[PDB]
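The data block below is entry.tsv; it holds TSV, C-alpha atoms.
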```
chain	number	residue	atom	x	y	z
I	4	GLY	CA	-84.30	116.00	28.18
I	5	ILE	CA	-80.80	114.51	28.35
I	6	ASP	CA	-78.60	117.19	29.94
I	7	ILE	CA	-74.80	116.81	29.74
I	8	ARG	CA	-71.92	117.51	32.15
I	9	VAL	CA	-68.46	116.44	33.29
I	10	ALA	CA	-68.45	113.18	35.26
I	11	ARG	CA	-67.33	112.91	38.88
I	12	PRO	CA	-66.25	109.96	41.11
I	13	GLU	CA	-69.74	110.07	42.69
I	14	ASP	CA	-71.47	108.86	39.50
I	15	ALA	CA	-69.17	105.81	39.61
I	16	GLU	CA	-72.02	103.54	40.73
I	17	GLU	CA	-74.46	104.57	37.98
I	18	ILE	CA	-71.78	104.34	35.30
I	19	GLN	CA	-70.71	100.94	36.62
I	20	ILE	CA	-74.31	99.76	36.15
I	21	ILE	CA	-74.38	100.96	32.54
I	22	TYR	CA	-71.11	99.11	31.98
I	23	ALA	CA	-72.05	95.78	33.60
I	24	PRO	CA	-74.13	94.18	30.82
I	25	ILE	CA	-71.81	95.68	28.21
I	26	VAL	CA	-68.91	93.68	29.66
I	27	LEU	CA	-70.95	90.60	30.61
I	28	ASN	CA	-73.11	90.22	27.50
I	29	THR	CA	-71.53	92.08	24.57
I	30	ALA	CA	-68.39	92.41	22.48
I	31	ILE	CA	-68.40	96.22	22.56
I	32	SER	CA	-65.87	96.14	25.37
I	33	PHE	CA	-63.24	93.42	25.28
I	34	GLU	CA	-62.90	93.49	29.05
I	35	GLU	CA	-63.93	90.01	30.13
I	36	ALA	CA	-64.56	91.00	33.75
I	37	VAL	CA	-66.93	93.56	35.27
I	38	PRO	CA	-64.93	96.17	37.22
I	39	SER	CA	-65.81	97.28	40.75
I	40	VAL	CA	-67.10	100.70	41.78
I	41	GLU	CA	-63.81	101.29	43.62
I	42	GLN	CA	-61.86	100.97	40.36
I	43	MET	CA	-64.58	102.51	38.21
I	44	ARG	CA	-64.22	105.50	40.51
I	45	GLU	CA	-60.46	105.42	39.97
I	46	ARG	CA	-60.76	105.39	36.16
I	47	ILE	CA	-62.98	108.48	36.15
I	48	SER	CA	-60.65	110.59	38.25
I	49	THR	CA	-57.56	109.12	36.56
I	50	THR	CA	-58.97	110.07	33.16
I	51	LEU	CA	-59.93	113.57	34.32
I	52	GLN	CA	-56.28	114.21	35.16
I	53	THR	CA	-55.77	114.75	31.43
I	54	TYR	CA	-58.85	113.98	29.31
I	55	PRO	CA	-62.55	114.91	29.43
I	56	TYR	CA	-65.16	112.46	30.70
I	57	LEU	CA	-68.82	113.28	30.18
I	58	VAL	CA	-72.13	112.00	31.50
I	59	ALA	CA	-75.65	112.24	30.14
I	60	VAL	CA	-78.52	112.50	32.62
I	61	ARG	CA	-82.27	111.97	32.28
I	62	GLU	CA	-84.60	112.77	35.18
I	63	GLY	CA	-81.58	113.03	37.47
I	64	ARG	CA	-80.15	109.66	36.44
I	65	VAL	CA	-77.10	108.80	34.33
I	66	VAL	CA	-78.19	107.10	31.10
I	67	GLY	CA	-74.92	107.26	29.17
I	68	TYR	CA	-71.30	108.37	29.22
I	69	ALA	CA	-68.37	109.29	26.99
I	70	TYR	CA	-64.64	109.63	27.60
I	71	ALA	CA	-61.30	110.26	25.91
I	72	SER	CA	-58.20	108.13	26.40
I	73	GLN	CA	-54.63	107.68	25.21
I	74	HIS	CA	-54.23	106.23	21.72
I	75	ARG	CA	-50.68	104.87	21.96
I	76	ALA	CA	-47.98	105.19	24.61
I	77	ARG	CA	-45.13	107.36	23.26
I	78	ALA	CA	-44.83	111.15	22.91
I	79	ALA	CA	-44.86	111.13	19.11
I	80	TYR	CA	-48.48	109.96	19.40
I	81	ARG	CA	-49.94	112.53	21.79
I	82	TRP	CA	-52.18	114.25	19.21
I	83	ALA	CA	-54.15	111.09	18.51
I	84	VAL	CA	-56.95	110.37	20.98
I	85	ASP	CA	-59.28	107.42	21.54
I	86	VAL	CA	-62.97	108.23	22.01
I	87	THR	CA	-65.43	105.93	23.75
I	88	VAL	CA	-69.19	106.45	23.89
I	89	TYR	CA	-71.57	104.20	25.82
I	90	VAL	CA	-75.32	104.53	26.33
I	91	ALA	CA	-78.00	102.84	28.45
I	92	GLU	CA	-79.31	99.35	27.66
I	93	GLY	CA	-82.82	100.57	26.90
I	94	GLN	CA	-83.70	103.83	25.19
I	95	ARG	CA	-80.79	105.86	23.78
I	96	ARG	CA	-80.42	104.76	20.14
I	97	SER	CA	-78.20	107.39	18.48
I	98	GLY	CA	-79.63	109.39	19.92
I	99	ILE	CA	-77.87	110.10	23.21
I	100	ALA	CA	-74.62	108.94	21.59
I	101	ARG	CA	-74.61	111.79	19.06
I	102	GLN	CA	-75.40	114.35	21.76
I	103	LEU	CA	-72.38	113.03	23.66
I	104	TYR	CA	-70.00	113.29	20.71
I	105	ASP	CA	-71.28	116.76	19.80
I	106	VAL	CA	-69.92	117.98	23.14
I	107	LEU	CA	-66.86	115.73	23.46
I	108	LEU	CA	-65.43	116.20	19.96
I	109	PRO	CA	-65.34	120.06	20.00
I	110	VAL	CA	-63.60	120.13	23.40
I	111	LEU	CA	-61.02	117.71	21.99
I	112	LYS	CA	-60.52	119.90	18.91
I	113	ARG	CA	-60.07	122.92	21.14
I	114	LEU	CA	-57.52	121.14	23.32
I	115	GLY	CA	-55.03	120.70	20.51
I	116	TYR	CA	-55.61	117.14	19.32
I	117	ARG	CA	-55.41	116.42	15.58
I	118	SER	CA	-57.15	113.10	15.04
I	119	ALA	CA	-59.73	111.21	17.08
I	120	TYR	CA	-60.03	107.43	16.78
I	121	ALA	CA	-62.96	105.13	17.53
I	122	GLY	CA	-62.77	101.34	17.47
I	123	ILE	CA	-66.00	99.50	16.70
I	124	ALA	CA	-66.54	95.77	17.13
I	125	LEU	CA	-68.10	94.67	13.83
I	126	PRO	CA	-70.82	94.02	12.96
I	127	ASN	CA	-72.46	97.20	14.26
I	128	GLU	CA	-74.42	98.86	11.45
I	129	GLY	CA	-75.92	101.37	13.89
I	130	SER	CA	-72.72	102.71	15.45
I	131	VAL	CA	-71.01	102.41	12.06
I	132	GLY	CA	-73.51	104.80	10.49
I	133	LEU	CA	-73.47	107.24	13.39
I	134	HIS	CA	-69.71	107.76	13.11
I	135	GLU	CA	-69.98	108.25	9.35
I	136	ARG	CA	-72.75	110.81	9.81
I	137	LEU	CA	-70.56	112.59	12.35
I	138	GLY	CA	-67.77	112.66	9.78
I	139	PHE	CA	-65.55	109.76	10.84
I	140	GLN	CA	-63.58	108.17	8.00
I	141	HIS	CA	-63.05	104.40	8.09
I	142	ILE	CA	-59.30	103.71	7.97
I	143	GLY	CA	-59.08	99.93	8.39
I	144	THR	CA	-60.05	96.74	10.19
I	145	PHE	CA	-58.28	94.24	12.44
I	146	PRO	CA	-60.00	90.95	11.55
I	147	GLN	CA	-60.52	88.13	14.06
I	148	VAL	CA	-58.34	90.13	16.43
I	149	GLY	CA	-60.49	89.52	19.51
I	150	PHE	CA	-62.10	86.48	21.13
I	151	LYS	CA	-64.90	87.22	23.58
I	152	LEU	CA	-68.11	85.30	24.33
I	153	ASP	CA	-67.13	82.24	22.28
I	154	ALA	CA	-66.52	84.15	19.02
I	155	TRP	CA	-63.90	86.01	17.01
I	156	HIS	CA	-64.71	89.68	16.42
I	157	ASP	CA	-63.49	92.02	13.69
I	158	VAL	CA	-62.60	95.46	15.02
I	159	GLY	CA	-62.79	98.42	12.67
I	160	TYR	CA	-61.23	101.82	13.30
I	161	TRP	CA	-62.77	105.16	12.35
I	162	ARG	CA	-60.80	108.40	12.27
I	163	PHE	CA	-62.00	111.94	12.90
I	164	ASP	CA	-59.90	114.74	11.40
I	165	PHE	CA	-59.61	118.08	13.24
I	166	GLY	CA	-57.19	119.93	10.92
I	167	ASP	CA	-54.06	121.98	11.71
I	168	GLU	CA	-50.38	122.93	11.13
I	169	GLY	CA	-47.16	123.84	12.96
I	170	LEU	CA	-47.53	121.55	16.01
I	171	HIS	CA	-47.52	122.15	19.79
I	172	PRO	CA	-48.42	119.95	22.85
I	173	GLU	CA	-52.08	119.04	23.37
I	174	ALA	CA	-53.62	120.69	26.47
I	175	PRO	CA	-55.53	119.09	29.44
I	176	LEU	CA	-59.05	119.62	30.84
I	177	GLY	CA	-60.42	121.88	33.59
I	178	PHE	CA	-60.39	120.42	37.10
I	179	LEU	CA	-63.33	119.10	39.15
N	4	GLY	CA	-22.54	82.85	8.27
N	5	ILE	CA	-25.85	84.09	9.70
N	6	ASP	CA	-26.57	82.00	12.79
N	7	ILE	CA	-29.89	82.71	14.52
N	8	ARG	CA	-30.36	82.25	18.27
N	9	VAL	CA	-32.27	83.41	21.34
N	10	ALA	CA	-30.96	86.70	22.74
N	11	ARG	CA	-29.17	87.18	26.07
N	12	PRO	CA	-28.58	90.34	28.20
N	13	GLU	CA	-24.99	90.25	26.90
N	14	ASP	CA	-26.42	91.21	23.49
N	15	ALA	CA	-27.65	94.56	24.84
N	16	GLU	CA	-24.47	96.32	23.67
N	17	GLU	CA	-24.62	95.37	19.99
N	18	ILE	CA	-28.40	95.72	19.95
N	19	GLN	CA	-28.23	99.34	21.11
N	20	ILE	CA	-25.85	100.14	18.25
N	21	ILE	CA	-28.41	98.84	15.76
N	22	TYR	CA	-31.48	100.42	17.35
N	23	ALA	CA	-29.98	103.85	18.07
N	24	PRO	CA	-29.73	105.10	14.45
N	25	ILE	CA	-33.31	104.01	13.89
N	26	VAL	CA	-34.26	106.11	16.93
N	27	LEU	CA	-32.09	109.06	15.89
N	28	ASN	CA	-32.66	109.16	12.14
N	29	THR	CA	-35.93	107.39	11.25
N	30	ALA	CA	-39.62	107.01	12.09
N	31	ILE	CA	-39.29	103.21	12.11
N	32	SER	CA	-39.55	103.44	15.88
N	33	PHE	CA	-41.35	106.39	17.46
N	34	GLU	CA	-39.13	106.35	20.54
N	35	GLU	CA	-37.18	109.61	20.46
N	36	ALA	CA	-34.41	109.16	23.03
N	37	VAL	CA	-31.87	106.34	23.01
N	38	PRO	CA	-32.14	103.86	25.90
N	39	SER	CA	-28.98	103.04	27.84
N	40	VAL	CA	-27.41	99.59	27.54
N	41	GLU	CA	-28.56	98.80	31.08
N	42	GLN	CA	-32.04	99.83	29.96
N	43	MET	CA	-31.93	97.70	26.80
N	44	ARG	CA	-30.69	94.86	28.99
N	45	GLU	CA	-33.91	95.08	31.03
N	46	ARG	CA	-36.18	95.11	27.96
N	47	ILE	CA	-34.59	91.91	26.66
N	48	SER	CA	-35.11	90.17	30.00
N	49	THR	CA	-38.65	91.55	30.43
N	50	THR	CA	-39.67	90.52	26.91
N	51	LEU	CA	-38.16	87.04	27.22
N	52	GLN	CA	-40.28	86.12	30.23
N	53	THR	CA	-43.28	85.70	27.93
N	54	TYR	CA	-42.30	86.40	24.31
N	55	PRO	CA	-39.60	85.16	21.91
N	56	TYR	CA	-36.62	87.51	21.47
N	57	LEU	CA	-34.08	86.48	18.83
N	58	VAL	CA	-30.76	87.71	17.43
N	59	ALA	CA	-28.87	87.18	14.16
N	60	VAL	CA	-25.09	86.80	14.36
N	61	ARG	CA	-22.53	86.96	11.54
N	62	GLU	CA	-18.82	86.31	12.03
N	63	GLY	CA	-19.40	86.65	15.77
N	64	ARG	CA	-21.26	89.96	15.70
N	65	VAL	CA	-24.99	90.67	15.96
N	66	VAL	CA	-26.23	92.20	12.70
N	67	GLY	CA	-29.96	92.06	13.43
N	68	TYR	CA	-32.62	91.06	15.96
N	69	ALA	CA	-36.34	90.39	16.48
N	70	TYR	CA	-38.98	90.29	19.21
N	71	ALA	CA	-42.70	89.99	19.86
N	72	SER	CA	-44.82	92.07	22.24
N	73	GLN	CA	-48.42	92.52	23.42
N	74	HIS	CA	-50.80	93.91	20.79
N	75	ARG	CA	-53.41	95.32	23.15
N	76	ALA	CA	-53.90	95.12	26.92
N	77	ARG	CA	-57.26	93.40	27.44
N	78	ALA	CA	-57.89	89.64	27.66
N	79	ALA	CA	-59.74	89.19	24.36
N	80	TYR	CA	-56.57	90.35	22.60
N	81	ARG	CA	-54.59	87.43	24.11
N	82	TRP	CA	-54.15	85.66	20.77
N	83	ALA	CA	-52.80	88.72	18.96
N	84	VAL	CA	-49.11	89.60	18.95
N	85	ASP	CA	-46.99	92.39	17.43
N	86	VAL	CA	-43.77	91.52	15.56
N	87	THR	CA	-40.65	93.67	15.18
N	88	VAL	CA	-37.56	93.12	13.02
N	89	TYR	CA	-34.47	95.34	12.84
N	90	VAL	CA	-31.29	94.72	10.86
N	91	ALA	CA	-27.98	96.63	10.88
N	92	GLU	CA	-27.74	99.54	8.43
N	93	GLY	CA	-24.77	97.91	6.70
N	94	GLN	CA	-26.96	94.88	6.04
N	95	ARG	CA	-30.05	96.59	4.64
N	96	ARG	CA	-31.52	94.47	1.84
N	97	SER	CA	-29.27	91.48	2.57
N	98	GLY	CA	-31.73	88.80	3.68
N	99	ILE	CA	-31.25	88.74	7.45
N	100	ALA	CA	-34.69	90.31	7.85
N	101	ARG	CA	-36.62	87.46	6.20
N	102	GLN	CA	-34.43	84.75	7.72
N	103	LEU	CA	-35.18	86.28	11.13
N	104	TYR	CA	-38.91	85.97	10.46
N	105	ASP	CA	-38.74	82.36	9.22
N	106	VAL	CA	-37.60	81.39	12.71
N	107	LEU	CA	-39.97	83.75	14.52
N	108	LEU	CA	-43.36	83.11	12.88
N	109	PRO	CA	-43.40	79.30	13.41
N	110	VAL	CA	-42.42	79.82	17.06
N	111	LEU	CA	-45.41	82.13	17.46
N	112	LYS	CA	-47.70	79.67	15.67
N	113	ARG	CA	-46.80	76.80	18.01
N	114	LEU	CA	-47.02	79.15	20.99
N	115	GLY	CA	-50.75	79.38	20.31
N	116	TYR	CA	-51.00	82.82	18.73
N	117	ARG	CA	-53.72	83.46	16.16
N	118	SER	CA	-52.44	86.52	14.32
N	119	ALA	CA	-49.40	88.79	14.08
N	120	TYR	CA	-49.28	92.51	13.27
N	121	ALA	CA	-46.39	94.68	12.09
N	122	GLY	CA	-46.64	98.46	12.17
N	123	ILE	CA	-44.80	100.09	9.30
N	124	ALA	CA	-44.11	103.83	9.11
N	125	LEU	CA	-45.19	104.65	5.57
N	126	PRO	CA	-42.67	105.80	2.98
N	127	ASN	CA	-41.18	102.29	3.07
N	128	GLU	CA	-41.19	100.28	-0.18
N	129	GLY	CA	-38.48	97.95	1.12
N	130	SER	CA	-40.32	96.88	4.26
N	131	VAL	CA	-43.78	96.53	2.71
N	132	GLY	CA	-42.24	94.21	0.14
N	133	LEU	CA	-40.73	91.89	2.75
N	134	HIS	CA	-44.02	91.54	4.64
N	135	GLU	CA	-46.37	91.15	1.66
N	136	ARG	CA	-43.89	88.74	0.06
N	137	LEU	CA	-44.10	86.76	3.29
N	138	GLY	CA	-47.88	86.35	3.42
N	139	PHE	CA	-48.81	89.53	5.30
N	140	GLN	CA	-52.00	91.33	4.31
N	141	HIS	CA	-52.34	95.10	4.47
N	142	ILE	CA	-55.42	95.72	6.58
N	143	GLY	CA	-55.36	99.49	7.02
N	144	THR	CA	-53.41	102.70	7.54
N	145	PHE	CA	-53.36	105.28	10.34
N	146	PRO	CA	-52.64	108.56	8.46
N	147	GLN	CA	-50.58	111.35	10.07
N	148	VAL	CA	-50.94	109.70	13.47
N	149	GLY	CA	-47.40	110.36	14.72
N	150	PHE	CA	-44.98	113.28	14.86
N	151	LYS	CA	-41.22	112.77	14.95
N	152	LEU	CA	-38.23	114.61	13.47
N	153	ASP	CA	-40.40	117.57	12.41
N	154	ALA	CA	-42.71	115.49	10.24
N	155	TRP	CA	-46.08	113.76	10.55
N	156	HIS	CA	-45.93	110.09	9.59
N	157	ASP	CA	-48.56	107.66	8.33
N	158	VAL	CA	-48.51	104.17	9.84
N	159	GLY	CA	-49.96	101.12	8.10
N	160	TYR	CA	-50.58	97.74	9.71
N	161	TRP	CA	-49.88	94.37	8.10
N	162	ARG	CA	-51.32	91.10	9.40
N	163	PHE	CA	-50.12	87.48	9.25
N	164	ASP	CA	-52.56	84.59	9.80
N	165	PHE	CA	-52.03	81.15	11.34
N	166	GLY	CA	-55.23	79.08	11.35
N	167	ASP	CA	-58.43	78.26	13.23
N	169	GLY	CA	-61.40	75.72	19.71
N	170	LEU	CA	-59.55	78.76	21.09
N	171	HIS	CA	-57.16	77.68	23.84
N	172	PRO	CA	-55.08	80.42	25.57
N	173	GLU	CA	-51.60	81.38	24.33
N	174	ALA	CA	-48.32	80.02	25.75
N	175	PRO	CA	-44.94	81.61	26.74
N	176	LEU	CA	-41.26	81.09	25.88
N	177	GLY	CA	-38.36	79.32	27.64
N	178	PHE	CA	-35.65	81.21	29.55
N	179	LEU	CA	-32.04	79.93	29.78
```

How would this structure read if it were set down as structure tokens?
Amino acid sequence: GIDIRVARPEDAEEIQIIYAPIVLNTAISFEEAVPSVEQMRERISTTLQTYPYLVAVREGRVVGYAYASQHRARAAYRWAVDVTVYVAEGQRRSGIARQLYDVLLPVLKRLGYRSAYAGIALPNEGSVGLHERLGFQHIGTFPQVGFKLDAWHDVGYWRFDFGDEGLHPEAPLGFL
Amino acid sequence: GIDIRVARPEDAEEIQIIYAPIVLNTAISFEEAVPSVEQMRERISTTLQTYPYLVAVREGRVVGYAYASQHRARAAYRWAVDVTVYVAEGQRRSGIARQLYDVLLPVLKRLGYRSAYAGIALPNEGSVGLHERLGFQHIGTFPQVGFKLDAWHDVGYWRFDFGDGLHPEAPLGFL
């Protein structure tokens, strides 16, 4: 049925299992080392101190997650946000990914952010099309910018526009 | 006479005087408050312990400078570097900018870097010229991504290529 909720440091194990083959076997993440539960736990709670972090469950088991993160480091940038959506290594397609974004994106819009950015490791025709369907506009590509698993990978960036005027500080997310 | 050399923490004073207007009056940097000299001093040292940091002197005074910094945090981004060049306002469109690069790019090449990116705030004909007329390729723009001095600013990224085994990158000497 794929129900959706805010993640908590308890799901850290299940998330860390979704992440393992993504790090070890793919170029979706550029992390070259699988993180531990102890630090996976930390990331969840550290994210939730400012950004949302969502989990998808099926039959009482996490089969995908999605989170928001800082785009760049200075204050002039605090209305851009980086969105990350991962799904299980078996059944999701897109799929669970679109259900995740359809919750995550609105929250973001309602928090005060102006543009959401997603970086895809090309080639990725599937994820590419999903973002375009959602209404992400392709804004550029950093070619050969990353070397993981004995290969150079082009990384394209898609932008989601929220729309606004006047300006005022983006707002956080509800506690645990 | 335009002598180019590696920077030293003594340069912090004349570097602040160049950077500050940029901070105050432009979107060239998105930093909004001016760092102290003692702060600038630390950035020079901290940069130099891995990346090249250069300065351009003329008649004894610094009139420009340049550095490189990490592009993105993770390991796979090891071979990518960002490049940054600032000249004094009274030397805009004088040539120090390009001369600064001609030292800097080769250094990066022989350090083992694969590509170099410069982020340009975008109402800048002068800057885009220098980069494109230096072999940089425009690879994309991040529209209205940043807000400073009561205005949203577009930011476009230009890329310089070196060539292509994949052995890890290498640092810079102290003194």

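Nearest residue to residue 125 in chain N among N:159, N:109, N:138, N:149 is N:159, counting only C-alpha atoms.
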
Quick one: residues within 7 Å of residue 69 in chain N, only C-alpha atoms, excluding same-chain residues fewer than 6 positions away - as a VMD selection string?
chain N and resid 56 to 58 87 to 89 103

Contacts of residue 31 in chain N at 7 Å (only C-alpha atoms; same-chain gap of 5+ positions) as JSON, numbers by chain:
{"N": [25, 123, 124]}

Just give me the residues with any atom within 12 Å of (-30.8, 96.9, 5.3), file coordinates, counting all atoms listed in the file, written as a ChimeraX atom specification.
/N:21,25,66-67,88-101,127,129-130,133

Just want the 12 Å neighbourhood of residue 120 in chain N, counted on all atoms listed in the file, with same-chain residues fewer than 5 positions away dropped. Output as a ChimeraX atom specification.
/I:144-146,148 /N:71-75,82-88,108,111,134,138-143,159-165

Dump C-alpha atoms for the selected residues as a PDB file, in the frame of the given file?
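That gives us part-v7.pdb:
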```pdb
ATOM      1  CA  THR I 144     -60.050  96.740  10.190  1.00  0.00           C
ATOM      2  CA  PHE I 145     -58.280  94.240  12.440  1.00  0.00           C
ATOM      3  CA  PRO I 146     -60.000  90.950  11.550  1.00  0.00           C
ATOM      4  CA  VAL I 148     -58.340  90.130  16.430  1.00  0.00           C
TER       5      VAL I 148
ATOM      6  CA  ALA N  71     -42.700  89.990  19.860  1.00  0.00           C
ATOM      7  CA  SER N  72     -44.820  92.070  22.240  1.00  0.00           C
ATOM      8  CA  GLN N  73     -48.420  92.520  23.420  1.00  0.00           C
ATOM      9  CA  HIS N  74     -50.800  93.910  20.790  1.00  0.00           C
ATOM     10  CA  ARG N  75     -53.410  95.320  23.150  1.00  0.00           C
ATOM     11  CA  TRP N  82     -54.150  85.660  20.770  1.00  0.00           C
ATOM     12  CA  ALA N  83     -52.800  88.720  18.960  1.00  0.00           C
ATOM     13  CA  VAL N  84     -49.110  89.600  18.950  1.00  0.00           C
ATOM     14  CA  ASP N  85     -46.990  92.390  17.430  1.00  0.00           C
ATOM     15  CA  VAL N  86     -43.770  91.520  15.560  1.00  0.00           C
ATOM     16  CA  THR N  87     -40.650  93.670  15.180  1.00  0.00           C
ATOM     17  CA  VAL N  88     -37.560  93.120  13.020  1.00  0.00           C
ATOM     18  CA  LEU N 108     -43.360  83.110  12.880  1.00  0.00           C
ATOM     19  CA  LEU N 111     -45.410  82.130  17.460  1.00  0.00           C
ATOM     20  CA  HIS N 134     -44.020  91.540   4.640  1.00  0.00           C
ATOM     21  CA  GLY N 138     -47.880  86.350   3.420  1.00  0.00           C
ATOM     22  CA  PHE N 139     -48.810  89.530   5.300  1.00  0.00           C
ATOM     23  CA  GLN N 140     -52.000  91.330   4.310  1.00  0.00           C
ATOM     24  CA  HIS N 141     -52.340  95.100   4.470  1.00  0.00           C
ATOM     25  CA  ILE N 142     -55.420  95.720   6.580  1.00  0.00           C
ATOM     26  CA  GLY N 143     -55.360  99.490   7.020  1.00  0.00           C
ATOM     27  CA  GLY N 159     -49.960 101.120   8.100  1.00  0.00           C
ATOM     28  CA  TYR N 160     -50.580  97.740   9.710  1.00  0.00           C
ATOM     29  CA  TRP N 161     -49.880  94.370   8.100  1.00  0.00           C
ATOM     30  CA  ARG N 162     -51.320  91.100   9.400  1.00  0.00           C
ATOM     31  CA  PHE N 163     -50.120  87.480   9.250  1.00  0.00           C
ATOM     32  CA  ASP N 164     -52.560  84.590   9.800  1.00  0.00           C
ATOM     33  CA  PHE N 165     -52.030  81.150  11.340  1.00  0.00           C
TER      34      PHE N 165
END
```

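In chain N, the set of residues within 8 Å of chain I (atoms considered: all atoms listed in the file) is residues 33, 34, 35, 77, 78, 79, 80, 81, 82, 83, 118, 142, 143, 144, 145, 148, 149, 150 and 151 of chain N.
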
Using only C-alpha atoms, which residues sit within 8 Å of range 104-107 of chain I once same-chain residues fewer than 2 positions away are excluded, as a count of residues only?
11

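Near residue 50 in chain I, within 8 Å and counting all atoms listed in the file, sit residues 46, 47, 53, 54, 55, 56, 70, 71 and 72 of chain I; same-chain residues fewer than 3 positions away were not included.
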
Computed gap from CA of residue 49 in chain I to CA of residue 124 in chain I is 25.2 Å

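Take CA of residue 158 in chain N and CA of residue 158 in chain I: the distance between them is 17.4 Å.
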
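For the pair CA of residue 102 in chain N and CA of residue 136 in chain N, the interatomic distance is 12.8 Å.
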
For residue 55 in chain N, the closest of N:107, N:131, N:37, N:174 counting all atoms listed in the file is N:107

Which residue is closest to residue 89 in chain I? Choose from I:123, I:21, I:179, I:27 and count all atoms listed in the file.
I:21

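Using all atoms listed in the file, the smallest distance between any of N:173, N:128, N:68, N:48 and residue 112 in chain N comes from N:173.
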
Kindly extract all protein, DNA and RNA residues lying within 8 Å of the coordinates (-75.7, 113.3, 36.2) given in the file, considering only C-alpha atoms, and supply them as a list in words.
residues 6, 7, 8, 10, 14, 58, 59, 60, 61, 63, 64 and 65 of chain I
